[PDB]
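Next up: just one chain, as structure tokens, the form deposited without the ligand.
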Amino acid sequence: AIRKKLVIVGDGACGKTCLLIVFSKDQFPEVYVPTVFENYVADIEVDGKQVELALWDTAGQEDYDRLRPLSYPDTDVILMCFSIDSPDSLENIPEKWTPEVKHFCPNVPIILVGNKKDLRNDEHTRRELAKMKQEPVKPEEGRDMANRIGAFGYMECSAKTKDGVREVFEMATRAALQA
């Protein structure tokens, strides 16, 4: 089992902390959803290869441009997150996050992940976004952004229902193992 490091980046409302919590427990918390995530080392076997995947969150570092890059050294795979209930979080992907990750993590694969996919057809979400002349991110808009930014791939998931969560981290592990 070789050790690899994963870092998740994205806006404060993208759901990155929840995603790490749900993956690390294989469960959406039933009693208390933690506010923060410290770190975790997941044992993952993907395509016959055993990896210890260290997981890190950048939540709380968004406003601190000198502290935030301290999370990046020796990263093997980046999860770059946006929320499907927030077109504003998707707009910040090519503007701020992509040039930052390309500078501090040169040649590290980036997987663009659309979080909260369960809200795409949520009536309350659709009514709320319509007031700002917006709508939930469509899958083709996510794929196009991933293509434009040079992402390794595009994936979607729901931390609430767990759908797609295992697949995201197994693919991140495969990306981390590539030359």
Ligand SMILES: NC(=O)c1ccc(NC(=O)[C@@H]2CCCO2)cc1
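If you superpose the two forms and keep the largest set of C-alpha atoms that fall within 1.5 Å, you have the rigid core. Residues that one form lacks are left out of the comparison. Numbering starts at 1 and follows the sequence shown.
- In the PDB record, does 133 to 141 or 34 to 42 carry the higher mean Cα temperature factor? Comparing 133 to 141 with 34 to 42, the higher average CA B-factor belongs to 133 to 141.
- Where do the C-alpha atoms have the higher mean temperature factor in this entry, in 74 to 82 or in 88 to 96? Higher mean C-alpha B-factor: 88 to 96.
- Query: Which listed residue, 47, 62, 118, 57, has the largest C-alpha temperature factor in the record?
  - Reply: Highest CA B-factor of the listed options: 118.
- Message: Between 171, 20, 13, 155, which one tops the list for Cα B-factor in this entry?
- Response: If I rank 171, 20, 13, 155 by C-alpha B-factor, first place goes to 13.
- Task: Determine, from the deposited record, the chain-internal third of the Cα B-factor for residue 124: lowest, middle or highest.
- Result: Tercile = highest for this residue's CA B-factor.
- Ranked against its chain, the third holding the CA B-factor of residue 8: Lowest third - that is where residue 8 ends up once the chain's C-alpha B-factors are sorted.
- residue 29 by Cα B-factor - lowest, middle or highest third of the modelled chain: Highest third.
Below, we refer to the form solved in complex with the ligand, which is not included among the displayed structures.
- Task: Would you check, heavy atoms only and a 4.5 Å threshold, whether residue 129 touches the ligand in the entry with it bound?
- Result: Looking in the entry with it bound, residue contacts with the ligand do not include residue 129, since no heavy atom lies within 4.5 Å.
- Query: Taking 4.5 angstroms as the cut-off for heavy atoms, does residue 43 touch the ligand in the entry with it bound?
  - Reply: Although the ligand is absent here, residue 43 would touch it in the entry with it bound, with heavy atoms inside 4.5 Å.
- Message: Going through 137 to 174, which residues have a heavy atom within 4.5 Å of the ligand in the entry with it bound? Please give them in sequence order.
- Response: Contacting residues: 162, 165, 166, 170.
- Item | Runs in sequence order between the shown form and the other one, three or more residues long, with CA shifts of 2 Å or more on the rigid core | Run with every C-alpha shifted by at least 2 Å: 26 to 28, nothing else.
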